[PDB]
Every structure is written in structure tokens, then in C-alpha cells.
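Asks: here is the sequence, then the experimental structure:
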Amino acid sequence: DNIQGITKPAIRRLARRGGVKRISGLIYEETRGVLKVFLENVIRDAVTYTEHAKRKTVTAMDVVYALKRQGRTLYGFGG
Amino acid sequence: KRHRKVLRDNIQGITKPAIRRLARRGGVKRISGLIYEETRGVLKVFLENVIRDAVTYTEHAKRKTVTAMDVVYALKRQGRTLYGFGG
Amino acid sequence: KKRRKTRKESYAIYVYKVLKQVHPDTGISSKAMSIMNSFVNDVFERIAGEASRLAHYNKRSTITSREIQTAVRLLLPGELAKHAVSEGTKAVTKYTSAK
Amino acid sequence: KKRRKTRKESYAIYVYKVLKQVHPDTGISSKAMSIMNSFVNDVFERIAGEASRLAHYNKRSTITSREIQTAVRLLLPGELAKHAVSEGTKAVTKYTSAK
Amino acid sequence: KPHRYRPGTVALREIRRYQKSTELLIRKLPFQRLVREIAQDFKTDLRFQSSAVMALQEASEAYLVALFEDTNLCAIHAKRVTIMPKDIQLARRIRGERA
Amino acid sequence: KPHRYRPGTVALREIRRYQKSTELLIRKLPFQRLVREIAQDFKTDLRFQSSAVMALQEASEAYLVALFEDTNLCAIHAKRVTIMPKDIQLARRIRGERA
Amino acid sequence: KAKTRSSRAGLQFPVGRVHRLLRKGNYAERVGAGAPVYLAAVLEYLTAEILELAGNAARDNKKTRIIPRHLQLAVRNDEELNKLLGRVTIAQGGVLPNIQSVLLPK
Amino acid sequence: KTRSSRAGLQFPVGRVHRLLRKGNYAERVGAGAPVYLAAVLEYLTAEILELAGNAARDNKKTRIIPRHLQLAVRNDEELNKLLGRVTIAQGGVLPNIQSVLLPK
DNA sequence: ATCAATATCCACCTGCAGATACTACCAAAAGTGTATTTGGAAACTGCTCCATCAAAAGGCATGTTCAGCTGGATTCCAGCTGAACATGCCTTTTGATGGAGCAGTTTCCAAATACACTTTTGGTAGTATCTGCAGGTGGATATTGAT
DNA sequence: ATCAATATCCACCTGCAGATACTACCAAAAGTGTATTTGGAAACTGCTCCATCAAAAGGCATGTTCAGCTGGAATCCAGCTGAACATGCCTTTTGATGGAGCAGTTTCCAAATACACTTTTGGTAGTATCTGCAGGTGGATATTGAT
Ligand SMILES: [Mn+2]
Ligand SMILES: [Mn+2]
Ligand SMILES: [Mn+2]
Ligand SMILES: [Mn+2]
Ligand SMILES: [Mn+2]
Ligand SMILES: [Mn+2]
Ligand SMILES: [Mn+2]
Ligand SMILES: [Mn+2]
Ligand SMILES: [Mn+2]
Ligand SMILES: [Mn+2]
Ligand SMILES: [Mn+2]
Ligand SMILES: [Mn+2]
Ligand SMILES: [Mn+2]
Ligand SMILES: [Mn+2]
Ligand SMILES: [Mn+2]
Ligand SMILES: [Mn+2]
Ligand SMILES: [Mn+2]
Ligand SMILES: [Mn+2]
Ligand SMILES: [Mn+2]
Ligand SMILES: [Mn+2]
Ligand SMILES: [Mn+2]
Ligand SMILES: [Mn+2]
Ligand SMILES: [Mn+2]
Ligand SMILES: [Mn+2]
Ligand SMILES: [Mn+2]
Ligand SMILES: [Mn+2]
Ligand SMILES: [Mn+2]
Ligand SMILES: [Mn+2]
Ligand SMILES: [Mn+2]
Ligand SMILES: [Mn+2]
Ligand SMILES: [Mn+2]
Ligand SMILES: [Mn+2]
Ligand SMILES: [Mn+2]
Ligand SMILES: [Mn+2]
Ligand SMILES: [Mn+2]
Ligand SMILES: [Mn+2]
Ligand SMILES: [Mn+2]
Ligand SMILES: [Mn+2]
Ligand SMILES: [Mn+2]
Ligand SMILES: [Mn+2]
Ligand SMILES: [Mn+2]
Ligand SMILES: [Mn+2]
Ligand SMILES: [Mn+2]
Ligand SMILES: [Mn+2]
Ligand SMILES: [Mn+2]
């Protein structure tokens, strides 16, 4: 599993929050592949900040800074 | 000896054929009749924004002349970086 | 008791003060306070970063309040910019005419 | 020599050198060179800017070749990054081995 | 006759429910597994602040939720009401994520 | 008898031609007047270096051309080959230019 | 310490802190006296606007404590704040109630 | 002996070093930073002139012009992402017509 | 239209997470006084280049006509996707315990800044001469579309 | 497939705009060489909070059935839009002009940084009490979907 751990009902609930009424059966594989590409992009950057600071822990700050430079600024975890 | 005629309605200087040519570079084969007025509206909004910022730079530098650098910095900050004109 | 105290400063108490002036009977959750802290940090970085750019463009070494002003104009939506400029000019006045 | 116009520096002679290395019989138009010049300034500001941010994030007052390297990894994609990192390390190594 | 709802009635009911709540919509642990596995490709032996994993989830969910808004617009544009992969593909291309 | 190409043939001929060349496609002088008209509505007694006007034109043409690509993708999505205002609209909404 | 610069400027936002943050910011070689005053006022103003609107959003929902959700409704219902924060994600804010009309019954 | 030749570089180390100070990127600049940055700048200059040169040779020309830069960047996946938000004046676009638009 | 089945709503209720309040304490922040320095405004003005004008001429815009073929409407149906129900398997929680390793602290040296004096260089400038290719011709071969 | 109208191809050419080559000059850049200062790596370690269990408890996912209703195919036709044509005007191009305003150089002081010194405050920590609102209940009534 793992990626398959992001389930059909989970994706459906997301879509619903996005205002989607009717969903094609192939949307589930497309979505998972999309999520994986998002996370790789972000995590790569976060882990890069982590390596730089010579740590072995990815910190919220590392994630927040990765999000900022991918133009996806996040508020709430900057403590 | 001092001129400056009123400037009005120059958006119509973005002629139907100029818009058609632009669409072609864009790989567009067929164009609905209402596209022309829509495109003019879209150019007007784009120019207002770039110029507003460009003139903001100029005024700040207390100049009366908009420079290529003014426009280039205006473009970068709206994330349409332009190469070829300095900076 | 100074050891495990690397001062983690935030705008939280100043946010809290402003809250009480506009909504004296309303509270604010921690997570919400955190959002606001991030908000103020973000706007600070955008404004200052932009003023820095202005200074360099014009070959200056000083970020003055004029640079903060132009930055605000360039960065805040029309009407929100008008008010900000107004608040800024106001506070730079009162500051001068003070002791 | 009209009241000396203050000098305007570019990377042209440098771009030109590199050009003669990769394409010994090829010229470049001056409009093209202007693009190349913007390209080199663009990438410089992007790398130094990331570097700047890196330094701050880690409470460091110094931009080292380590900061430039991480910036390069963050900013460039895939194979560009691997080769850039490589030419960087090589150059630094060569430089410190002198004297 | 046992009671049944027309197809799409419960769909609407859920859109209204989930647009009202703010709780996260992916289960917490499977997500964590996913994150840890992706990161393992970039560096072995990692550890994650729990708030680090929470940040990724918030960002991911806000990302997919907005992509679905855009995807929905693309389906509706083609006079459908069923979102399809080509709708996701078109939205991402226009956003510059594919292009 | 008199010769005619079928509808669409000259259209494709023009795509090939325009995608092969690089010259600007809006006439110089009318574009200049537009820039001066819009500028003067922001501020009177402004002047323009000519390459400033060229900079706006190069930018504006790169922008519109890329918009028509996106617009063209939206039409095709709807199974048409004719771009309509709603295709320009959907492209701009997805690009984040609108909503 | 006589009077704080914030009281002088008539503000609740820490002028001295803003000044210091500018210097260590590496934003410029130097820093004018008026500049952190201006900047602090601006930050205070913008903070007031959001708390004001998010406050209203708490009333409408029969609540007296502002939570993230409220900041999200405040920002997204306001044309100008929404543009300023157009590339920002507020954690635990959710989204605005919005259904495309073509998806509505009959 | 210049720092450039000492680092094995065409690109000017002293200048890069100087621009790093002028720019206010940090309180200090360590000695290796400009050398590394000049190395990266020279490598990217090289990679784009390699590819533009070919584009020029492909159109039977000996002088690189902006079209050739644009061709080189857009035809290369990685330079295309790095310069994804950049407009190259006088570059035009890639020959590219969507399939459904062709006749049969 | 009737009328049943479910959802959704509002009023009220109570435990408890998380917010609030007081007190002690303390580094590092901030103000303040005073000695030194310098950024960049003021004033004067040299010299680039913008606005403007003139005149000529042809590349291209405008407006029309005509009909090809596209979009938009209608109908139709097979099948995909929603709803519901029955399992049961895994996520959540919550508590509790090692121990990794982040973060505080002290020590110290390699490396950064400051500075002075000496050399090297890239940019400009002035003046003079090559050369790659745009644009023109002419004639040959390729594509399109009527039969 | 034959055939004719027209676009497209490419070899050939020639002006000239832009590229290139030389000398000459020099303000700023760059390197060198000492003196003075310090950032942050190094080692050691205390304490936060991260990974890992155990352990029910059930909420939530999965699998399957069944049919409503949507997507996509097929059919038609009205008129929108592309192609070609005629006419002529306004952009383009070339060359000259006064002069606005950008930009260089020098003088010079209001306001910055630098440093010491006293006073203040926001953050952390410990211990105690308070309360807004999630989550439960009940009962009203609204919505949906079958007749
Ligand atoms: Mn109020
Ligand atoms: Mn039921
Ligand atoms: Mn006007
Ligand atoms: Mn009833
Ligand atoms: Mn009721
Ligand atoms: Mn009731
Ligand atoms: Mn409770
Ligand atoms: Mn508690
Ligand atoms: Mn008490
Ligand atoms: Mn201090
Ligand atoms: Mn000076
Ligand atoms: Mn000066
Ligand atoms: Mn004076
Ligand atoms: Mn006419
Ligand atoms: Mn016919
Ligand atoms: Mn007809
Ligand atoms: Mn007709
Ligand atoms: Mn059709
Ligand atoms: Mn059927
Ligand atoms: Mn089918
Ligand atoms: Mn069928
Ligand atoms: Mn340890
Ligand atoms: Mn440390
Ligand atoms: Mn080192
Ligand atoms: Mn010294
Ligand atoms: Mn030289
Ligand atoms: Mn010569
Ligand atoms: Mn040619
Ligand atoms: Mn011919
Ligand atoms: Mn021939
Ligand atoms: Mn010629
Ligand atoms: Mn130290
Ligand atoms: Mn230190
Ligand atoms: Mn040691
Ligand atoms: Mn059926
Ligand atoms: Mn349908
Ligand atoms: Mn359909
Ligand atoms: Mn019709
Ligand atoms: Mn003809
Ligand atoms: Mn002409
Ligand atoms: Mn004058
Ligand atoms: Mn001043
Ligand atoms: Mn206090
Ligand atoms: Mn409740
Ligand atoms: Mn009940």
C-alpha cells in the first residue's frame, strides 16, 4: 500500500470540499499520482534545508520554508 | 509651438488583424467574433497593471521619464521577467 | 533561570492589544494567534524586501520611510494601500512632533 | 571624453570567452548578448537570494560556498544541479589548493 | 419500497457538509507512512517533528481541494458534471504545473 | 473556376508562418499611443524612453500569445476548434488571474 | 527608558523591534528613523483590519473566540485581503460554501 | 595572478565577490562563495550557449540571435523549467499545432 | 395533491481542553547621552535623447461578398457511477517508557574584516574597415483542390 | 488518378546594418600584504519530544447489488466565420530640430552609526482557577421522494 493508503473515500471527501458532484472511476489513480508529485517536490526541498542544518529531524520550519519557495505559503506553523 | 492632442480610444488600435496574427502564433485555427473585444479588454488590464507599477518606480526616483528599467522592474515583480532590455 | 530560554519572540501580545481595541469582548485561539503571527511576519518580509529592492535600484544605502511608502503602494490592493499610507504618514507625523 | 559617463559593467567579454570555447566559429548578435547578460544577472540574484535566506534561517551572518551550494540544489532542477554543484566544488577545491 | 435517495442527492449533502467543516480529510497515519517513504528516497534515517507532518497534510489537502475546484470548472466547461483525468490534466497544464 | 482554398487551410498556413517568425505583431505607433493613453490616465506629463515602449510591447505580445495557447487548449477540451470568450475566461480563472 | 517610540508614534506595535528587525534583516546598509515607525503603523493597521473582519465572522457564527476558520472567512470574503493573501494557505481554515449552480437539483 | 585564473575560471571572481557585498545578502561573504558562484554562472552560460549554437547551426547561421536562445531553452526540459517564467525578447515560440487542428 | 422517511435544526446541558491570571526572575532589548562620520540633497550645467515635425509611398486595414463547415440543438441508450448495506480490518488513542538528538554553553582558532599602497584592467571613446544575412530575383518542385 | 492554380523551395545575389578591429586613455577594480577581530565548529550533555508498544474500541473502509441518469454517438441545419477582392490611408521610415530632463561633479550638514551606560520589558516557568463551546439529548419541522 502506502500511496494506496490515500483511499477512495478520502479523495472523495476532498473532491466534495472542492464542490465536486460526480467523480469518474479513474480520478483516484490520477489524484494519487498528483499527490505524490506535490509531496516529492515539497519534501525534497524540506529535506534539503534539513541536510543543510546538519540535522536528522525534519522540522515544521523546514516544511514551511519549502512551501514558501514553491509559492505555496502556509500560515500557522511558524513557531 | 506646443501640441499634445487628446488621446482617446487607442484600444481600437489593436486591430482585428493584429489579434488574428497573435492567435496564430498561439496556434489558433478558428476565432469566434466576440474574441476581439475580449482580447482588447484583457490587454488593457495587463497594461494598466504593468504601467501602474512602472510609473510607481519612476515617481519614486523623482523622474518624469519612464525608463526601460522601470518597465523591467515592473515586470519582474508581477512575475513576468523580461530579458533583453537591461538589468 | 536563563538556560533553556532562547527567546522565541512573536507579535502575539501586540496582536492581542489591537484585538482588544477593535473587539474588546472577543478572544482568539492559539492556532489563530499563530496564523496572525505568520501574517505579520509575511507582510513585514514582503514590504521590507520590496523597499530593499527600491533602494538598490536607486543606488541608495538607506531604507527610509519613503521606501516603505512606495513599497506599500506596489504591494497592497488599491484601497487597502490608500489607508495604509494614511496610517503610516500619521504615525511618522506624531513621532516627529513628539519630545 | 564627455564629462565621463559613469561606467556600465556587463558579463559580455566573459560570455564571449565561453562562447569561443563551445563554438569556436560562432558569433553572437548584440541583442543576443543582451539576453545572456540578463540571464547571468537573473541567476546571480536568484542564487544569492536563496543563499541570503538560508543564512538567516540558520542564524548565520556569513554566506559561504556551503550556502551557495544548497541554493544551487534548491533552485536548479535535476541534472543542471548535479553538474553545477560539481563545477562549483571543483573550482573551490582548486582555489584553496593554490598558495 | 425501502427508502432511497436519487443519485447525487447525498453528493450535494456532502459538499455542503465538507464545505462547512475544516477538519482534515485524509486519515493521519496512512499519510504519515506516505510522507516517511517519500523522504526516505532523499535521505535515509529521518525523523519528523509531528508538527512537520501536520504542515504537509494541511498544505497537501489545501492543494488537492483547490485543484478539484479547477478540475470541476474544466468538466463543467465541457458540459459535463463528472470530473475526469483529462480535467485534472487540463487544469494542471494551464496552471503551469505540467507546462 | 476561380481558385479557392478551403476554410482552415490559410489559417494553418498562417500558424506555420507566425510560429516561425519573431517580429512583433501589433503595429508600433498604435501600440505607443495606447501606452501613452493608459499612462497619462495614471499621471500627466510623463515621457517614455523608446525602448521602454518596446519593453511593454514585447511583454504584452508574449503574454497574449501564451494566453491564446491556453485558450486553445480550453476550446479543444470542449471539443471545438473555435476559441470563444468563455475559453479566455476559463484560462484566466485557472491561471489565478481572475478568481 | 523615558517614553517608548511606540507611544511617541501613538502605536501599539513595537517600533524598536521593527527597527532592529530591519537592521539584522540585511535589507539595506542603513535605516532612517521614520521608516520603522511607518512600517509598524502599516503592520498594525493591517492587523486591525483582519481582526475586525474575523471578529465579525465570529459574531455571525454565535462565537466570541476567533479561530482559524474565522480568519479564513474574513480573508476570503474580502476582495482586497483575498488578493493580498491570494497565494497563502491559512491552516485549518477550510473553504467557502460554494456550489456551481449547474450542479443543483432538476 | 587573478582569483579567476587561480580558480580555473573564465568568469570574474573579484567582480562576483564585489557584487555579493554590494547586494546586502549577508553581513559577511566567505572567500569560497564567489568562486563557487562564478563556477555555476559559467557552467550555465556554457550549457545555454552550447545548445543555442546548435540551434544556430540547424538554421544555417553562424551568428546566435535571440530566436536561437529561445529555441535552445524551450527545447531543453531543464532550462525550460529554470526559465519557465522568463520572456526572451524577440524569441517567438516553438512550431507547434495541436493534432485535432490538422485536416483529413 | 397525500403522506412517510430521514435529515436538519434549535434550545438546552455539562465536562474539560485550552484559555486566563498571578508571581518570580532575568537576559537581552531598548532608551539615552555624546562622539564621530557620511549619505545623498542643493545647486549648477553639460550633453543624451525625447517629442515633434515633414514628406513620401506602399504594406496593410477595412469592408464586402459568398458559401463551407462548424457549433449547437435534439434524440437516444448502454453502461458507469451513486446509493445502500453488510462485513470486519485497521486507525486512533492514550499512556507510558527508552533514548535520539536538538539546542544551550563554553572554548578557541582559522578566517573575515579593515586598511594602505601598488598594479592591472574593462569600459569608453574615437576613428576606420570588414562580413553575415535580409530581402530580391527567377526558376524548379510540392501541395492543394476541382474533377 | 490527371491536371492546374498557387504556395513553397532554394540557389543565387547585393546592399548595408551591425559587427568588428586599433589605438589611447584612465577611474575604478583587483591583488598584495599586515594588523585586529570574531564567527561558528568542536566537544560535551541535559532535557524535550520523537519512535514504538500494547490494547481495546469502533469508525471507517471495502465488497457487492442495482438501477438512474449521464456521457457520448449520431443526425441535422442555420448562419457564423474564413477566403478573396477591391480600395486607399495611415504606419513606417528617413532626416532634422529645439530643448527637457537626466545625470555628472562639488560642496556641505542633518541624521546615521558607533559605543558606553541604566533602565525596562517580553518571554519563560511554576502553580491555580476559570469558561467557551464540542458533543450529547430531545423534540420540532423541513426536505425529499414515493404515490
Ligand atoms: Mn470595534
Ligand atoms: Mn437507510
Ligand atoms: Mn485620458
Ligand atoms: Mn409527517
Ligand atoms: Mn425548527
Ligand atoms: Mn425546539
Ligand atoms: Mn469535552
Ligand atoms: Mn489545562
Ligand atoms: Mn489566581
Ligand atoms: Mn544593545
Ligand atoms: Mn559623500
Ligand atoms: Mn556621495
Ligand atoms: Mn549647497
Ligand atoms: Mn480603407
Ligand atoms: Mn461551391
Ligand atoms: Mn448553406
Ligand atoms: Mn449566405
Ligand atoms: Mn460539429
Ligand atoms: Mn437505456
Ligand atoms: Mn457509452
Ligand atoms: Mn452508446
Ligand atoms: Mn545523545
Ligand atoms: Mn548548535
Ligand atoms: Mn570554513
Ligand atoms: Mn587597521
Ligand atoms: Mn584592456
Ligand atoms: Mn582598421
Ligand atoms: Mn532569405
Ligand atoms: Mn518570384
Ligand atoms: Mn534552382
Ligand atoms: Mn538590405
Ligand atoms: Mn565569538
Ligand atoms: Mn558566536
Ligand atoms: Mn575545543
Ligand atoms: Mn438500463
Ligand atoms: Mn447528457
Ligand atoms: Mn453530452
Ligand atoms: Mn446555430
Ligand atoms: Mn487569387
Ligand atoms: Mn515604406
Ligand atoms: Mn534644463
Ligand atoms: Mn531625510
Ligand atoms: Mn513584563
Ligand atoms: Mn454544538
Ligand atoms: Mn431527537
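Replies: Arrived safely, thanks for sending. Numbers count the residues shown, from 1 in each chain, chains lettered A, B, ... in the order given. Ligands and ions are numbered 1, 2, ... in the order given.
Asks: okay, CA-based contacts and neighbour counts for the rest of this
Replies: OK.
Asks: element containing the one residue in chain A that gets nearest to chain D, please.
Replies: Closest contact between chain A and chain D, by Cα to the nearest Cα, is at residue A:45 (6.3 Å). Using DSSP states H and E, residue A:45 sits within helix A:27-52.
Asks: please see if that helix touches chain E.
Replies: Yes - Helix A:27-52 comes into contact with chain E (Cα under 8 Å from any Cα of the partner chain), by way of A:27, A:30, A:35, A:38-40, A:43-44, A:47.
Asks: run through the bridge partners of the residue lying closest to residue C:38 once chain neighbours are set aside.
Replies: Sequence neighbours aside, residue A:75 is the residue nearest to residue C:38 in space, at 5.5 Å (criterion: Cα to Cα, 6 or more residues apart in numbering or on different chains). Here residue A:75 sits in beta bridges with residue G:90, going by DSSP bridges.
Asks: can you get me a residue count around residue C:75?
Replies: When neighbours are counted by other Cα atoms under 10 Å in any protein chain shown, residue C:75 registers 18.
Asks: measure it to residue B:71 for me?
Replies: Residue C:75 is 16 Å from residue B:71, where distance means Cα to Cα, to the nearest Å.
Asks: the residue of chain G at minimum distance from chain D sits in which helix or strand?
Replies: Chain D sits closest to residue G:25 of chain G, with a gap of 8.3 Å, by Cα to the nearest Cα. Residue G:25 is part of no helix or strand when elements are defined by DSSP H and E.
Asks: and it, backbone torsions?
Replies: Torsion angles at residue G:25 (phi, psi; degrees, to the nearest 10) stand at phi -70, psi -20.
Asks: the residues of helix A:27-52 next to chain E, buried ones only, as a PyMOL selection?
Replies: Filtering the residues of helix A:27-52 next to chain E down to the buried ones (16 or more other Cα atoms under 10 Å in any protein chain shown) takes a single PyMOL command:
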select buried, chain A and resi 27+35+38+39+40+43+44+47
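Asks: give me the contact list for the helix or strand just after the helix holding residue A:45.
Replies: Next helix or strand after helix A:27-52 toward the C-terminus (DSSP H and E): strand A:57-58. Residues from elsewhere that reach strand A:57-58, judged by Cα atoms under 8 Å, 6 or more residues apart in numbering or on different chains: A:46-47, A:50, E:46-49, E:52.
Asks: again, 6 Å this time
Replies: With contact meaning Cα atoms under 6 Å, 6 or more residues apart in numbering or on different chains, strand A:57-58 is reached by A:50, E:47-48.
Asks: partners of that strand in the sheet?
Replies: Here strand A:57-58 is paired, per DSSP bridges, with strand E:47-48 (parallel).
Asks: what's the first helix or strand after the strand it pairs with?
Replies: As assigned by DSSP H and E, the chain's next helix or strand after strand E:47-48 is helix E:50-77.
Asks: give me the buried positions along that following helix.
Replies: Quick answer for helix E:50-77 (16+ other Cα under 10 Å): E:51-77.
Asks: re earlier: tell me the contacts of the residue of chain G closest to chain D?
Replies: Applying Cα under 6 Å, 6+ apart to residue G:25 gives no contacts.
Asks: just how off-centre is the one helix or strand residue C:55 maps to within its chain?
Replies: Taking DSSP H and E as the criterion, residue C:55 maps to helix C:30-57. Centre-to-centre, helix C:30-57 and its host chain are 7 Å apart (Cα atoms, centre = their mean, to the nearest Å).
Asks: let me know whether that helix sits next to DNA strand J.
Replies: No - under the criterion of Cα under 7 Å from any atom of the strand, DNA strand J is not reached by helix C:30-57; the shortest gap measures 10.4 Å.
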